[PDB]
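The chain below stands alone, shown as structure tokens; this is the form deposited in one PDB entry.
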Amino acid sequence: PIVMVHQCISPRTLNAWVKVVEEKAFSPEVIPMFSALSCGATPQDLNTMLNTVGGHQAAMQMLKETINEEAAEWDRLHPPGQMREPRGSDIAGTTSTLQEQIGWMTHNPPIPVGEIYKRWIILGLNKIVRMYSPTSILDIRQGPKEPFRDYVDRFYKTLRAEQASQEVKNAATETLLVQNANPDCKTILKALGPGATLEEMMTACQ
């Protein structure tokens, strides 16, 4: 990473990333973990992290195709001894050296190729998280003997993995959460009506 001087990847940062994917796969928390463990990363560090992912090579190829899509858009938007202009392949670290990546990231002003690449990767990880969610939000309904908290847990766990704006996800919640509570809770919830906080809803259905 760049901390401005270049620094070696630490073994613990690398191991922390491998362990996250091993234990959580592509649960939504992989994205905050990747962003935090990739703080300051060069494109070379980013490629190291992705290359250490064990298995899940279908998702990694999907990630690659997302990167190629974003690099093509970068090239569309941005066609001796001096700083080169980075193309998409440079940002992805396929056609650029570490020395060039350091030069871009530490220049005044910088071309933050590490942050640009990280954005493309996170977009790819968002797609993977959506693709690998085992549930769809229309199928989350409160069981007749499921505590309301357990149902809300399942609801937002599913909604968390979908790829959409926060405002879009909130519309889905207003459309489905109370409506798919079980009969006894749904009537209590509708009696409270809109504007009830989730805290108030959970107290009323406990």
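Throughout, rigid core stands for the largest set of C-alpha atoms superposing within 1.5 Å between the two forms. Start at 1 and count along the sequence shown; that's the residue number.
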Note how many residues of the deposited chain are left out of the model between residue 3 and residue 4; the options are none, 1 to 3, 4 to 9, and 10 or more.
4 to 9
If the chain runs straight from residue 134 to residue 135, say none; otherwise bin the unmodelled deposited residues as 1 to 3, 4 to 9, or 10 or more.
none
Of 17 to 25 and 188 to 196, the one with larger mean CA B-factor
188 to 196
Mean Cα B factor from the PDB record: higher for 139 to 147, or higher for 38 to 46?
139 to 147
By the entry's C-alpha temperature factors, tell me which of 101, 108, 126, 94 sits highest.
108
Where does the C-alpha B-factor of residue 88 rank in its chain, lowest, middle or highest third?
middle
Taking the values exactly as deposited, rank residue 121 by C-alpha B-factor within its chain and report the matching third: lowest, middle or highest.
lowest
Binned into thirds over the chain's modelled residues, the C-alpha B-factor of residue 153 lands in the lowest
Ranked against its chain, the third holding the CA B-factor of residue 75:
highest
Going by what the PDB entry lists, where does residue 181 fall on CA B-factor within its chain: lowest, middle or highest third?
middle
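What follows is about the form deposited in another entry, which we do not show.
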Once the rigid core is lined up, just say which one of 35, 163, 68, 44 has a C-alpha that travels 2 Å or more between this form and the one not shown.
163
A change of 3 Å or more separates this form from the other: in that other deposited form, the C-alpha atoms of residue 31 and residue 166 are closer
Based on a C-alpha change of 3 angstroms or more, tell me if residue 167 and residue 26 lie closer or farther in that other deposited form than in the shown form.
closer
